[PDB]
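Remarks on the structure that follows.
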Amino acid sequence: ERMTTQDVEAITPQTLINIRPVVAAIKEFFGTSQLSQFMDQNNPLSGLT
DNA sequence: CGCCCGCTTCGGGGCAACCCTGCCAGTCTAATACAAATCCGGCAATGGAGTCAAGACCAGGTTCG
Numbered sequence: 592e593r594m595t596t597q598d599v600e601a602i603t604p605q606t607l608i609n610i611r612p613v614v615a616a617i618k619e620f621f622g623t624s625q626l627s628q629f630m631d632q633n634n635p636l637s638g639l640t
């Protein structure tokens with residue numbers, strides 16, 4: 592999107608790349624997903640299992 | 001000639017147990033300019049509401065003649 596609206600001979604990948612949707616996807620995977628489960632450690636066997 | 005209807009299939013809504021147990025989800029042209037409304041801060045009319053000091057006032061329980 593901003594590869595066009597930005598003026599040429601002025602921009603740089605510091606001004607192009609937005610890391611905020613990237614970091615949000617990782618944080619919404621490790622938080623609040625039904626595979627990012629809470630570590631069930633009431634003994635070493637269930638910790639392993 | 002074009003005209004219409006009986007089975008077939010395609011789709012579409014409804015339902016599929018019950019106790020506990022858990023707890024808070026997203027993104028960009030950017031500012032001026034002005035006016036009505038609102039609000040809040042400070043004296044300034046209070047007079048009402050409370051507070052004290054003083055006393056007058058009884059009429060009854062306590063003591064002397």
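Per this note's numbering, residue 592 is the first one in the first sequence, and the count goes up by one each step.
For every residue, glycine included, the Cβ atom is placed at its ideal position computed from N, Cα and C.
query, result
"Give the single residue among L607, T640, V613 whose Cα lies nearest to the Cα of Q632.", "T640"
"To the nearest angstrom, how far is it from the Cα of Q625 to the Cα of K618?", "14 angstroms"
"So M594 is in the alpha helix (DSSP H); what residue range does that whole segment cover?", "593 to 596"
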